[PDB]
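Two forms of the same protein chain are encoded below as structure tokens; each is given separately, as structure 1 and structure 2.
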Structure 1
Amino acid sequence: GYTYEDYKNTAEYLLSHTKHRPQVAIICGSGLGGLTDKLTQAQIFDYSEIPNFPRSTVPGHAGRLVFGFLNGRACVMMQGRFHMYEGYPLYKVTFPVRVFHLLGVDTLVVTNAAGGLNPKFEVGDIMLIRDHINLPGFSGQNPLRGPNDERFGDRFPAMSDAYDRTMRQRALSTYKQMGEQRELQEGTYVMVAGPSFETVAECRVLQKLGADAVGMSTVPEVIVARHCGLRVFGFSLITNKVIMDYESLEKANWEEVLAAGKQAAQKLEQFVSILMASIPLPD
């Protein structure tokens, strides 16, 4: 899809257009665009200004790349992201990850909204992503499909350790700092392509498969990130409980999802601030 030079071009475009030198990249999903609010000395890029960048066409995805310091830390944030249901191939969806690597970022934080499949979750919960299930990947939709470029990484990268074990413990301990009543949740994110929401039968297959939450993003970004050796941390905001019986009259919808994010804005902001303090310095 893209040449090595295409990524370099975008990398160089940004490097020459800002003095910031991010160490940490954060991708903000549906309703989590607010996480850019506590950035200091921010510099804003529209995705439309950036060579080779796709556009966010989804409500709650602003379409901006924001550099700054978050709680001391040098960040670049994706205020909005791309999804395969919008029609992008996965090499477009994940394009920014390898540009982050080329900017010298060494850690990727992925966030998303997710439907809750585990009965113990409540709307509003933060689930740490311990693992994932890549259903598009099983059948061919893997962002590494095609010729492998050794300058980014190996032909057959492993995913069994994709989610940093250290940052996960560190995030579990330091969670008492939030003073929140609900304990910090941990579990498996299954990616599904969408854009339509799950039937009850589908929700039940996803539960049987062992997933705790379901969304339509995140996995391709993580795969590309581990391919090029970035440390990865992920979490979902549980925005709704996916309908798991034929008696409920509730149905999933996007407005409720954006609204759950708006209500949890401060909780998330605190969580992410604390998290920056837990990322080790480079070298």
Structure 2
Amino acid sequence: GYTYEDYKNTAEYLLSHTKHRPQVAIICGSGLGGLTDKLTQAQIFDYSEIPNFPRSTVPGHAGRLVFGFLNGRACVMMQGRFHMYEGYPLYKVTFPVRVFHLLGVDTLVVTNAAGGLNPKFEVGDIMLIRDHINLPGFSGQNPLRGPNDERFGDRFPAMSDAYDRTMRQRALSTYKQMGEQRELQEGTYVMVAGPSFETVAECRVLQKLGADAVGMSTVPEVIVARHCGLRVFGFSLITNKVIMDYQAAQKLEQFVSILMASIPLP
């Protein structure tokens, strides 16, 4: 759908309309828009004013980028993210990530809301994402499917090192600082397309496959991000324990904000 030039035009629009130069892009998942409250010097672009940006036909959720500083670090936030279940093809779901790269961003933080599959997780837990399982990807729904563009990356990029080891260590180490009751969980995120929720038998499948949390987003963006060389890390907020038998948001937002200090300099 999009050409290299389309991404570049969008990026140049943004660059000539703000003096902000973000090092870090952050995608806010459901219930996590509150992260934009922590930016200083906020400049806002509604998705509808940005050339080439996907928008929803559905009213209500407008969708926006907000540029600012988070804990002293220059960043851009996506408030309102695109999902496969809404009907967007994956190249639109992940369009913004390639834009961020052309903006100069070297780090992508991904957040989402997910169903706990690991019995020891509780509602309100934060799961540091260690790895993923791309079920749509197995069957053909991969955002890199089609001709490859070497201005972005390789034809066959590796994903085994997708979730940055350094950020993982610094996150485990930092979370201990925050005097929290429960430890920071860690585990594997599985994407399913949705939009209907999982049956019990489906949840047992996902658990047997080794998944600790399930949701309907994030993975396509991680893949495109890694294709073009961005450092990636992220977190799932566990908003339910899925059924296997027949304030927490504000905490994650504050943790993400503290972690900016740990992102390496450009």
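Residue numbering: sequential along structure 1, first residue numbered 1. If you superpose the two forms and keep the largest set of C-alpha atoms that fall within 1.5 Å, you have the rigid core.
When both forms sit on the same rigid core, the CA shifts between structure 1 and structure 2 reach 2 angstroms or more only at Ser56 out of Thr218, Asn240, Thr36, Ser56.
Core-superposed comparison between structure 1 and structure 2: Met178 shows a Cα shift of 1.6 Å. Look at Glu269: with the core superposed, its C-alpha moves 2.3 Å between structure 1 and structure 2.
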